[PDB]
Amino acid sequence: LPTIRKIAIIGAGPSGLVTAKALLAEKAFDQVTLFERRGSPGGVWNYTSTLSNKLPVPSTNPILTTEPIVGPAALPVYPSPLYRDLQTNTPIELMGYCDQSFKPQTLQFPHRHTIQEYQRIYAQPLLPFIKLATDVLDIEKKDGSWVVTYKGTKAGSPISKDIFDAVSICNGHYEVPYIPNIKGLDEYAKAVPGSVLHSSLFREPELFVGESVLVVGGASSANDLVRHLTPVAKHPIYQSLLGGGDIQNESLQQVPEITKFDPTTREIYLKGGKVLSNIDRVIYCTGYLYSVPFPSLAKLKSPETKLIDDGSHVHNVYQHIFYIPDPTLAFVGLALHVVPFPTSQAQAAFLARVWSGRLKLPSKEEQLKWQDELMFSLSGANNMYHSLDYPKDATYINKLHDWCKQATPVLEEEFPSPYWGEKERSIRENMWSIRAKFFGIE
């Protein structure tokens, strides 16, 4: 319904917040409303000593409903995966929006305190636009608009409904855990309640002192955990790498992928015949699954209409933003292997100018071609669908920056579009080396 006036935003985290600012800066919408289940904005940057009550083991269903921790004396809490001693893996010269910088004397890879404070400051002017402690239950096109059903968080809230011209989903993709279904893991897990964990549960390393641990995974998250646990867990720390690894020291023993979990002997069978025993904790650092837990959108199975299948990615989203069949439904924040704030802002700026009619999306056929060419380059590896590892992210954010400049008419105040010059791209290229040196590792 082209002339958009009432927009709904699902999520008040970094993505939803920059989406609101970009949208409001268009001066063309009469209503920009944000919905957030948490009592406060900032998404995951809301550190919680509280852990999830029940970790699905295994977890392969991207529809899984996030169950908050409730009590009679508190507001429902939605645990965040951030741990206590966490520090960014993204430099201050790159992370964060281009129109709000970090106070001087900030560490290059600061503690989450700094980023949580960052979000707080960024979100403040938007509090009157957000409906806090409110869970969006479903989203569907009814008649000529989108009907978003939502129940206020808090025991006894009544289910409510409101129509919108457009809807922007910024619900994040690090909530529903991904733990591959191995042989005998379910049983092994239920046998000893805290024996199997997922990165989303980690908080304080002191829990693992003296314990013999097995970290499964080889991505950044798993390597971080191996380092964090090195000074407390019993030596050596075991790590399961799909293809195995080269590190076999006294403190780190990389081993190949897992074959089976023997519940009766509690032995862990690794490919190649190697067997592990007396493992106090097994920690799955195998990431998450994308999720669109809204019945009206989840039922869509059709190749041309579906959004979610296995949770490896969100399908049918041109440029990772607009739902091809109906571009009044868009997503911001889907990007993988990027610098979240700048990339989400890049998408927001573009999204804003497209929904206010100051920019035109190419034909539906060409959008589908973009998708076709992308799928082909993935070679069956759909979980790389949204991945924009450098230089893809740089090219991408600069591509959106140049499409925005073409917006018309030119507003007196133009919501900024980030752009990565030669100096920025360089830092992004050696980002992990800059990080490694900063923390003295690798």
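Heads up: residue numbers just count along the shown sequence, starting at 1.
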Task: Higher-scoring stretch by recorded Cα B factor average, 308-316 or 115-123 - done: 308-316
- [ ] Return whichever of 60-68 and 384-392 has the greater mean Cα B factor according to the PDB record.
- [x] 60-68
TODO: Going by the CA temperature factor in the entry, name the top one among 228, 235, 173, 131.
DONE: 235
TODO: Tell me, please, which of 353, 337, 198, 364 has the highest C-alpha B factor according to the deposited entry?
DONE: 364
Open item on the list: Ranking every modelled residue in this chain by its Cα temperature factor as given in the entry, which third contains residue 275?
Closed with: highest
TODO: Report the third (lowest, middle or highest) to which the CA temperature factor of residue 182 belongs, ranking only the modelled residues of the same chain.
DONE: highest
TODO: Sort the modelled residues of this chain by their C-alpha B factor and say whether residue 37 lands in the lowest, middle or highest third.
DONE: lowest
- [ ] Would you mind ranking residue 284 by its C-alpha B-factor against the rest of the chain and naming the third, lowest, middle or highest?
- [x] lowest
- [ ] Would you please rank residue 84 by its C-alpha temperature factor against the other modelled residues of its chain and give the third it falls in: lowest, middle or highest?
- [x] lowest
